[PDB]
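Novice: Input file: my_file_39.txt. Contents: compact mmCIF, C-alpha atoms.
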# COMPACT_ATOMS: atom_id res chain seq x y z
CA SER A 1 85.86 118.69 119.25
CA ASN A 2 88.28 121.03 117.50
CA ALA A 3 90.91 120.24 120.17
CA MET A 4 93.36 117.46 121.00
CA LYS A 5 96.41 117.01 123.26
CA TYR A 6 99.69 115.97 121.64
CA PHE A 7 102.92 114.60 123.00
CA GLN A 8 106.35 114.77 121.41
CA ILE A 9 108.58 111.73 120.73
CA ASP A 10 112.17 112.29 119.62
CA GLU A 11 113.42 110.20 116.69
CA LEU A 12 115.89 108.26 118.88
CA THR A 13 113.08 107.24 121.25
CA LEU A 14 110.72 106.22 118.44
CA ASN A 15 113.46 104.11 116.88
CA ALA A 16 114.42 102.62 120.25
CA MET A 17 110.83 101.52 120.86
CA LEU A 18 110.63 99.96 117.40
CA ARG A 19 113.85 98.03 118.11
CA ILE A 20 112.64 96.92 121.58
CA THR A 21 109.67 95.13 120.00
CA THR A 22 111.99 92.50 118.45
CA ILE A 23 114.95 92.32 120.89
CA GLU A 24 115.30 88.58 121.18
CA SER A 25 117.21 88.53 124.48
CA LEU A 26 114.11 89.83 126.29
CA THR A 27 110.89 87.93 126.87
CA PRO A 28 107.85 89.54 125.20
CA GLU A 29 106.55 90.65 128.54
CA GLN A 30 109.94 92.25 129.35
CA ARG A 31 109.72 94.07 126.01
CA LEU A 32 106.22 95.33 126.86
CA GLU A 33 107.42 96.54 130.27
CA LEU A 34 110.20 98.60 128.63
CA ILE A 35 107.73 99.95 126.03
CA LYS A 36 105.28 100.95 128.78
CA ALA A 37 108.11 102.67 130.62
CA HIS A 38 108.92 104.73 127.53
CA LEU A 39 105.29 105.61 126.88
CA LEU A 40 104.88 106.74 130.49
CA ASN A 41 108.00 108.91 130.17
CA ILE A 42 106.46 110.48 127.05
CA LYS A 43 103.27 111.13 129.01
CA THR A 44 105.20 112.63 132.02
CA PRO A 45 108.54 113.77 130.57
CA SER A 46 110.15 114.84 133.87
CA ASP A 47 110.32 111.21 135.07
CA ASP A 48 114.04 110.48 135.53
CA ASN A 49 113.88 107.01 137.16
CA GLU A 50 113.98 104.94 133.99
CA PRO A 51 116.21 101.90 133.33
CA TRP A 52 118.03 103.88 130.66
CA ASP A 53 118.37 106.94 132.99
CA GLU A 54 121.08 105.32 135.07
CA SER B 1 122.88 125.20 113.93
CA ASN B 2 122.08 121.66 115.10
CA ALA B 3 118.59 120.36 114.42
CA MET B 4 116.57 117.43 115.81
CA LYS B 5 113.54 115.59 114.40
CA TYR B 6 110.56 114.85 116.57
CA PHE B 7 107.21 113.22 116.03
CA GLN B 8 103.91 114.24 117.54
CA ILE B 9 101.51 111.65 119.00
CA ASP B 10 97.93 112.45 119.93
CA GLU B 11 96.77 111.62 123.43
CA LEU B 12 94.24 109.06 122.23
CA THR B 13 96.92 107.08 120.42
CA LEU B 14 99.38 107.32 123.31
CA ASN B 15 96.74 106.11 125.77
CA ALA B 16 95.71 103.34 123.41
CA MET B 17 99.28 102.11 123.25
CA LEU B 18 99.54 102.27 127.07
CA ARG B 19 96.37 100.22 127.35
CA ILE B 20 97.56 97.72 124.74
CA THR B 21 100.64 96.85 126.82
CA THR B 22 98.40 95.30 129.49
CA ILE B 23 95.32 94.04 127.59
CA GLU B 24 94.85 90.62 129.16
CA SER B 25 93.09 88.92 126.24
CA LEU B 26 95.90 89.53 123.77
CA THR B 27 99.10 87.57 124.18
CA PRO B 28 102.32 89.54 124.81
CA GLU B 29 103.43 88.83 121.28
CA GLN B 30 100.15 90.09 119.81
CA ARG B 31 100.38 93.22 121.95
CA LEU B 32 103.88 93.84 120.64
CA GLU B 33 102.70 93.48 117.03
CA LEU B 34 99.92 96.01 117.66
CA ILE B 35 102.42 98.33 119.38
CA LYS B 36 104.80 97.93 116.42
CA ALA B 37 102.04 98.80 113.95
CA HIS B 38 101.24 102.00 115.84
CA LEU B 39 104.92 102.93 116.03
CA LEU B 40 105.45 102.28 112.31
CA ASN B 41 102.34 104.38 111.59
CA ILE B 42 103.93 107.32 113.40
CA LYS B 43 107.35 106.78 111.70
CA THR B 44 106.11 106.21 108.11
CA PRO B 45 105.41 109.22 105.97
CA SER B 46 101.61 109.70 106.08
CA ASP B 47 101.29 111.13 102.73
CA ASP B 48 103.65 111.16 99.85
CA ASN B 49 101.70 109.36 97.35
CA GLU B 50 101.84 106.47 94.95
CA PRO B 51 102.04 107.66 91.29
CA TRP B 52 101.33 104.17 89.76
CA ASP B 53 103.11 104.93 86.47
CA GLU B 54 106.28 103.16 87.60
CA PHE B 55 104.54 99.81 87.28
CA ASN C 1 105.68 113.72 109.15
CA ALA C 2 108.47 114.94 111.40
CA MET C 3 108.71 118.36 112.94
CA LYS C 4 111.90 120.02 114.10
CA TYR C 5 113.65 121.73 116.87
CA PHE C 6 116.86 123.75 116.76
CA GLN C 7 119.57 123.37 119.40
CA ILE C 8 121.05 126.73 120.57
CA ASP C 9 124.19 126.48 122.65
CA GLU C 10 124.38 128.78 125.63
CA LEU C 11 127.06 131.02 124.15
CA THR C 12 124.97 131.67 121.05
CA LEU C 13 121.98 132.61 123.16
CA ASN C 14 124.05 134.84 125.42
CA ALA C 15 125.54 136.61 122.38
CA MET C 16 122.09 137.57 121.16
CA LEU C 17 121.17 138.81 124.66
CA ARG C 18 124.32 140.94 124.78
CA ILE C 19 123.53 142.52 121.40
CA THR C 20 120.18 143.74 122.75
CA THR C 21 121.97 145.97 125.28
CA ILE C 22 124.59 147.67 123.06
CA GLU C 23 123.30 151.26 123.36
CA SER C 24 125.50 152.78 120.66
CA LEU C 25 123.71 150.70 118.02
CA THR C 26 120.20 151.89 117.26
CA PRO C 27 117.40 149.51 118.27
CA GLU C 28 116.80 148.80 114.57
CA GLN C 29 120.49 147.90 114.15
CA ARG C 30 120.28 145.54 117.08
CA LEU C 31 117.11 143.97 115.67
CA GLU C 32 118.81 143.43 112.29
CA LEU C 33 121.80 141.76 113.96
CA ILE C 34 119.53 139.48 116.03
CA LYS C 35 117.49 138.68 112.92
CA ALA C 36 120.71 137.61 111.18
CA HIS C 37 121.66 135.39 114.15
CA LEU C 38 118.13 133.81 114.19
CA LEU C 39 118.33 133.12 110.44
CA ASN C 40 121.67 131.37 110.94
CA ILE C 41 120.17 129.09 113.65
CA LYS C 42 117.60 127.93 111.13
CA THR C 43 120.26 126.85 108.57
CA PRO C 44 122.26 123.59 108.73
CA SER C 45 125.90 123.14 107.90
CA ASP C 46 125.80 119.40 107.14
CA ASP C 47 129.46 119.36 106.03
CA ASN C 48 129.90 115.67 106.89
CA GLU C 49 131.65 113.17 104.66
CA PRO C 50 129.04 110.98 102.93
CA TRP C 51 129.72 107.41 104.14
CA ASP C 52 127.10 104.90 102.98
CA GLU C 53 128.65 101.91 104.82
CA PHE C 54 131.74 100.87 106.75
CA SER D 1 133.72 119.18 130.81
CA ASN D 2 133.48 117.73 127.36
CA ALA D 3 129.74 118.46 127.87
CA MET D 4 127.84 121.53 126.59
CA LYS D 5 124.51 123.08 127.58
CA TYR D 6 121.95 123.50 124.78
CA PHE D 7 118.52 125.06 124.50
CA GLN D 8 115.89 123.55 122.22
CA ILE D 9 113.63 125.91 120.31
CA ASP D 10 110.86 124.71 118.02
CA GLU D 11 110.64 126.15 114.51
CA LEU D 12 107.41 128.05 115.26
CA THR D 13 109.08 129.87 118.17
CA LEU D 14 112.06 130.81 116.00
CA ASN D 15 109.81 132.01 113.20
CA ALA D 16 107.69 134.03 115.63
CA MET D 17 110.75 135.95 116.75
CA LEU D 18 111.72 136.56 113.11
CA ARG D 19 108.28 138.00 112.43
CA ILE D 20 108.41 140.35 115.42
CA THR D 21 111.37 142.11 113.83
CA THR D 22 109.20 143.55 111.02
CA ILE D 23 106.02 144.56 112.93
CA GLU D 24 106.25 148.12 111.71
CA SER D 25 103.46 149.52 113.89
CA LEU D 26 105.68 148.96 116.97
CA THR D 27 108.68 151.18 117.50
CA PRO D 28 112.11 149.57 116.96
CA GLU D 29 112.64 149.75 120.73
CA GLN D 30 109.34 147.91 121.34
CA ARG D 31 110.25 145.13 118.93
CA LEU D 32 113.72 144.84 120.45
CA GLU D 33 112.29 144.58 123.96
CA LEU D 34 109.77 141.93 122.87
CA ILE D 35 112.53 139.88 121.26
CA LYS D 36 114.69 140.25 124.38
CA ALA D 37 111.81 138.97 126.53
CA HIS D 38 111.45 135.91 124.27
CA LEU D 39 115.23 135.23 124.40
CA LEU D 40 115.23 135.50 128.18
CA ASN D 41 112.28 133.05 128.35
CA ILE D 42 114.39 130.54 126.40
CA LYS D 43 117.34 130.98 128.80
CA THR D 44 115.23 130.67 131.96
CA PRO D 45 111.70 129.54 131.14
CA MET E 1 119.81 119.33 127.08
CA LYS E 2 123.33 118.06 127.66
CA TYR E 3 125.61 117.14 124.76
CA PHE E 4 129.22 116.00 124.62
CA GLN E 5 131.73 117.08 121.97
CA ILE E 6 133.91 114.53 120.20
CA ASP E 7 136.96 115.93 118.40
CA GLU E 8 137.50 114.56 114.87
CA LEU E 9 140.87 113.09 115.94
CA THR E 10 139.14 110.97 118.58
CA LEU E 11 136.27 110.00 116.25
CA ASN E 12 138.67 108.98 113.49
CA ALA E 13 140.78 106.99 116.00
CA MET E 14 137.70 105.09 117.14
CA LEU E 15 136.68 104.37 113.53
CA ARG E 16 140.21 103.23 112.74
CA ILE E 17 140.33 100.98 115.83
CA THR E 18 137.34 99.04 114.58
CA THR E 19 139.27 98.01 111.44
CA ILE E 20 142.46 96.60 113.09
CA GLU E 21 141.97 92.88 112.49
CA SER E 22 145.17 91.86 114.31
CA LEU E 23 143.55 93.03 117.55
CA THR E 24 140.76 90.89 118.92
CA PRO E 25 137.17 92.25 118.90
CA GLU E 26 137.34 92.57 122.68
CA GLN E 27 140.62 94.58 122.51
CA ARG E 28 139.09 96.91 119.91
CA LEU E 29 135.97 97.28 122.07
CA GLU E 30 138.04 98.05 125.17
CA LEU E 31 140.10 100.67 123.31
CA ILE E 32 136.90 102.28 122.02
CA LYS E 33 135.39 102.18 125.52
CA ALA E 34 138.43 104.00 126.89
CA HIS E 35 137.95 106.81 124.31
CA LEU E 36 134.22 107.03 125.09
CA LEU E 37 134.92 107.20 128.83
CA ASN E 38 137.48 109.95 128.12
CA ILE E 39 134.82 111.97 126.28
CA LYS E 40 132.31 111.43 129.08
CA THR E 41 134.48 112.05 132.17
CA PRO E 42 133.62 114.16 133.94
CA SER E 43 130.08 114.69 132.73
CA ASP E 44 129.93 117.74 135.04
CA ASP E 45 133.12 119.30 136.46
CA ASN E 46 131.18 120.13 139.61
CA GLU E 47 129.96 116.51 139.91
CA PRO E 48 133.10 114.51 139.04
CA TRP E 49 131.92 111.30 140.68
CA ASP E 50 132.79 109.12 137.68
CA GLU E 51 136.43 109.74 138.66
CA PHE E 52 136.99 107.77 141.91
CA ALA F 1 141.22 124.44 113.94
CA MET F 2 139.40 121.16 114.71
CA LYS F 3 136.05 119.71 113.88
CA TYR F 4 133.88 118.55 116.78
CA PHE F 5 130.83 116.32 116.70
CA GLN F 6 127.95 116.42 119.16
CA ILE F 7 126.62 113.30 120.85
CA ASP F 8 123.74 113.20 123.31
CA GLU F 9 124.36 111.77 126.76
CA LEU F 10 121.96 108.85 126.35
CA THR F 11 123.61 107.63 123.15
CA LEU F 12 127.08 107.95 124.65
CA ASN F 13 126.00 105.98 127.73
CA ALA F 14 124.39 103.32 125.50
CA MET F 15 127.58 102.95 123.43
CA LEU F 16 129.57 102.47 126.67
CA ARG F 17 127.23 99.64 127.71
CA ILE F 18 127.06 98.14 124.20
CA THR F 19 130.80 97.53 124.33
CA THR F 20 130.29 94.81 126.94
CA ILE F 21 126.70 93.53 126.73
CA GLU F 22 126.70 89.76 127.01
CA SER F 23 123.67 89.19 124.80
CA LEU F 24 125.67 90.11 121.63
CA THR F 25 128.78 88.39 120.33
CA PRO F 26 131.95 90.53 120.39
CA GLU F 27 131.71 90.97 116.63
CA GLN F 28 128.09 92.05 116.98
CA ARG F 29 129.03 94.56 119.64
CA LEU F 30 131.75 95.94 117.32
CA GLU F 31 129.29 96.12 114.44
CA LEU F 32 126.77 98.06 116.53
CA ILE F 33 129.52 100.38 117.79
CA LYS F 34 130.65 100.93 114.19
CA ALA F 35 127.09 101.80 113.16
CA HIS F 36 126.96 104.40 115.94
CA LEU F 37 130.37 105.87 114.98
CA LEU F 38 129.17 106.01 111.35
CA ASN F 39 126.11 108.05 112.42
CA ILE F 40 128.28 110.50 114.37
CA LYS F 41 130.54 111.01 111.32
CA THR F 42 127.65 110.99 108.77
CA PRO F 43 124.15 111.35 110.32
CA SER F 44 121.37 109.29 108.69
CA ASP F 45 118.21 109.86 110.80
CA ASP F 46 119.52 107.22 113.22
CA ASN F 47 119.50 104.42 110.68
CA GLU F 48 121.21 101.21 111.72
CA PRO F 49 121.82 98.11 109.59
CA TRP F 50 119.63 95.77 111.65
CA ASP F 51 116.58 98.06 111.50
CA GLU F 52 113.40 96.95 109.81
CA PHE F 53 112.17 100.61 109.50
Would you mind writing the file's structure down as structure tokens?
Specialist:
Amino acid sequence: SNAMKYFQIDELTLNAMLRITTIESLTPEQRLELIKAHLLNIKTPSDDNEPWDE
Amino acid sequence: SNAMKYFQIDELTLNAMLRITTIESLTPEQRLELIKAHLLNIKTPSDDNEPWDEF
Amino acid sequence: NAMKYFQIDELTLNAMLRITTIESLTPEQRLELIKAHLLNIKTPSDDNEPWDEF
Amino acid sequence: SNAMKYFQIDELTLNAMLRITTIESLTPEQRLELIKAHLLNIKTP
Amino acid sequence: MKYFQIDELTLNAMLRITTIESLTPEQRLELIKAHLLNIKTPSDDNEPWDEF
Amino acid sequence: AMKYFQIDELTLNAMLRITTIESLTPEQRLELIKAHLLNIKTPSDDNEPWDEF
């Protein structure tokens, strides 16, 4: 196909996700849960129920 | 004016990263390393290329 | 790699809208003024002090 | 109160408006109205 | 989007605070927090609920 | 005649919380606050000292 869907990630969110991967105060599964939350917000940007949205 | 950088991610890569967070046969740490590799791939300039004559 | 967005404050946008309705300027004059405003949005000021550490 | 409202416009949208200003087959009034419609779509999309 | 404006006087005060070694780190942090809360409050004049 | 600097709401909220997070020593909290203040004064594409990217 000549066609593909794209999503936008701001630089602050990309950098935040990179930092989350090695935050040592969180278990690895807690890090994955925060990463998944960010990826879902990228996929549906109007979601305003995130842990950082409070 | 003020000006903000953004990155574009294709849907296949976004969905792959979503899937990777819950792949049961990779440990959480392995999933995070695969996540990190995808995120660095997006961050790192794709093409601005090695000239070799500095070595 | 990156792509970029420009951030227009509401007053800047409203100024451009007001220019479009000034009837004693010809339409071409109003276009030229809006062009000049659009060109200024695309240019950065970046007049920050260069601090490399602190 | 210390907070400000901003609109985000991608570079391709900005450059499209710049190019409308020199479409010489449209009258100046037509170009101005097309640019106004794009500006209003930024303000209330 | 929603941005806040920080005046240079406030930004320079917060940078200077970080350097005052005769104050403890917690005192410096609390002084910076006060300035940041002053910038933030209220985030919306019509929704001043950070003010009770 | 005064210079103003823009900060997004999320970063401002994060700096407020960073000032007290218990997972960082007080000196670490002050270092991370300083790195944020440095990027308001002199933007760097959101570079911070602890970053490995």
Novice: Determine which residues of chain F sit within 12 Å of chain D, taking into account all atoms listed in the file, and present them as a PDB file with C-alpha atoms, in the frame of the given file.
Specialist:
ATOM      1  CA  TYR F   4     133.880 118.550 116.780  1.00  0.00           C
ATOM      2  CA  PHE F   5     130.830 116.320 116.700  1.00  0.00           C
ATOM      3  CA  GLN F   6     127.950 116.420 119.160  1.00  0.00           C
ATOM      4  CA  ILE F   7     126.620 113.300 120.850  1.00  0.00           C
ATOM      5  CA  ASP F   8     123.740 113.200 123.310  1.00  0.00           C
ATOM      6  CA  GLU F   9     124.360 111.770 126.760  1.00  0.00           C
ATOM      7  CA  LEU F  12     127.080 107.950 124.650  1.00  0.00           C
TER       8      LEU F  12
END
Novice: List every residue of chain E that has an atom at most 10 Å from any atom of chain C, giving for each one its closest atom pair and the distance in Å to one decimal, counting only C-alpha atoms, sorted by chain and then by ascending residue number, as CSV.
Specialist:
residue,atom,partner,partner_atom,distance
E:1,CA,C:7,CA,8.7
E:2,CA,C:9,CA,9.8
E:3,CA,C:9,CA,9.7
E:15,CA,C:54,CA,9.1
E:18,CA,C:54,CA,9.8
E:19,CA,C:54,CA,9.3
Novice: For the selection you just gave me, I'd like the residues written to a file as an mmCIF file, in the coordinates of the input, keeping C-alpha atoms.
Specialist:
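See part.cif below for the written result:
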data_model
loop_
_atom_site.group_PDB
_atom_site.id
_atom_site.type_symbol
_atom_site.label_atom_id
_atom_site.label_comp_id
_atom_site.auth_asym_id
_atom_site.auth_seq_id
_atom_site.Cartn_x
_atom_site.Cartn_y
_atom_site.Cartn_z
ATOM 1 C CA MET E 1 119.810 119.330 127.080
ATOM 2 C CA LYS E 2 123.330 118.060 127.660
ATOM 3 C CA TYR E 3 125.610 117.140 124.760
ATOM 4 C CA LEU E 15 136.680 104.370 113.530
ATOM 5 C CA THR E 18 137.340 99.040 114.580
ATOM 6 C CA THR E 19 139.270 98.010 111.440
#
Novice: Near chain D, which residues of chain C fall within 10 Å when you count only C-alpha atoms, and what do they look like as number ranges by chain?
Specialist: C: 3-14, 16-21, 26-32, 34-36, 38-39, 41-42
Novice: Would you list which chain E residues are within 8 Å of chain F using all atoms listed in the file, as a PyMOL selection string?
Specialist: chain E and resi 2-8+11+14-15+18+25-26+28-30+33+36-37+40
Novice: Can you write out as CSV which residues of chain B fall within 8 Å of chain A, alongside each residue's closest atom pair and its distance in Å to one decimal, counting only C-alpha atoms and ordering rows by chain and ascending residue number?
Specialist:
residue,atom,partner,partner_atom,distance
B:4,CA,A:10,CA,7.8
B:5,CA,A:11,CA,5.9
B:6,CA,A:10,CA,4.3
B:7,CA,A:9,CA,5.1
B:8,CA,A:8,CA,4.6
B:9,CA,A:7,CA,5.2
B:10,CA,A:6,CA,4.3
B:11,CA,A:5,CA,5.4
B:14,CA,A:39,CA,7.1
B:17,CA,A:39,CA,7.8
B:18,CA,A:36,CA,6.1
B:21,CA,A:32,CA,5.8
B:28,CA,A:28,CA,5.5
B:29,CA,A:28,CA,6.0
B:31,CA,A:32,CA,7.9
B:32,CA,A:21,CA,6.0
B:33,CA,A:21,CA,7.8
B:35,CA,A:21,CA,7.9
B:36,CA,A:18,CA,6.3
B:39,CA,A:18,CA,6.6
B:40,CA,A:18,CA,7.6
B:43,CA,A:14,CA,7.6
Novice: From the list E:51, E:12, E:23, E:45, which residue is nearest chain D when using all atoms listed in the file?
Specialist: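 Smallest separation from chain D among the options: E:45.
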Novice: Find the distance between atom CA of residue E:17 and atom CA of residue F:14 and write it in Å to one decimal.
Specialist: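 For atom CA of residue E:17 relative to atom CA of residue F:14, the distance reads 18.8 Å.
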Novice: How far is it from atom CA of residue E:34 to atom CA of residue E:22, in Å with one decimal?
Specialist: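 Distance reported for this atom pair: 18.7 Å.
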Novice: Enter the distance from atom CA of residue C:1 to atom CA of residue B:45, in Å, rounded to one decimal.
Specialist: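 A separation of 5.5 Å between them.
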